[PDB]
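Everything on this sheet refers to the single structure shown next.
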Amino acid sequence: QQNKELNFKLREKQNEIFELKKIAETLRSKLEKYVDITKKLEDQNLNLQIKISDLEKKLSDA
Amino acid sequence: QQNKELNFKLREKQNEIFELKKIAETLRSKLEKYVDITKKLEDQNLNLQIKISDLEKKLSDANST
Ligand SMILES: [Cl-]
Ligand SMILES: [Co+2]
Ligand SMILES: [Co+2]
Ligand SMILES: [Co+2]
């Protein structure tokens, strides 16, 4: 009844440990996605600034 | 044995929770930073799209003058 409660508590900690590991696993997933998003956006923005610079020079004429 | 093992294993799993929480909090702090970065790049992307269209039109309105 001490041992019994302790064992039940140990099972509940194990379950909490599994749930925290799943949470960590989800955060790492989302982190890796945002790193990729951030690189995509930078490369997209670089392409746009290049097209703009090109247009700017065209229009520098008149 | 049994009762001392249980007590020890409990203290140990609670130790492990504390560490897993700190780890997840460290991931959240970096993620918050990446959400903020991405939001600024989205705002920039939108302004550049509008500027490109703006400029194309000026050019068209000068490719025809
Ligand atoms: Cl269970
Ligand atoms: Co990826
Ligand atoms: Co990646
Ligand atoms: Co925004």
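Cβ placement follows ideal geometry from the backbone for every residue including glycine, while neighbour counts extend to all protein chains displayed. What follows draws every value from the coordinates through simple rules; no lab data is involved.
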Practice item. Just name the residue that is farthest from the chain's Cα centre (by Cα) out of those in region A:17-53 that are within 16 Å of ligand 1 (Cβ to nearest atom) and not aliphatic (A, V, I, L, M). Key: A:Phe18
Check your understanding: Condition test on A:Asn7, is it polar (S, T, N, Q), assigned to a helix (DSSP H, G or I), facing chain B (nearest Cβ under 7 Å) and without any contact (Cβ under 8 Å) to a residue 40 or more places away in the chain?
Key -> yes
Check your understanding: Out of the residues in region B:14-48 that are of a type in the set (A, V, I, L, M) and farther than 19 Å from A:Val35 by Cβ, which is nearest to ligand 4 (Cβ to nearest atom)?
Key -> B:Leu46
Point to revise | Residue, nearest to A:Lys40 (Cα to Cα), within region B:1-58, restricted to residues that are exposed (fewer than 14 other Cβ atoms within 10 Å of the Cβ) and aromatic (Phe, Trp, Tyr) | key: B:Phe18
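Listed here are the residues, each with its yes/no results for (1) more than 16 Å from ligand 2 (Cβ to nearest atom); (2) assigned to a helix (DSSP H, G or I).
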| residue | (1), (2) |
| --- | --- |
| A:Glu12 | yes, yes |
| A:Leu20 | yes, yes |
| A:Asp36 | no, yes |
| A:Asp43 | no, yes |
| A:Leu46 | yes, yes |
| A:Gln49 | yes, yes |
| A:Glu56 | yes, yes |
| A:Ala62 | yes, no |
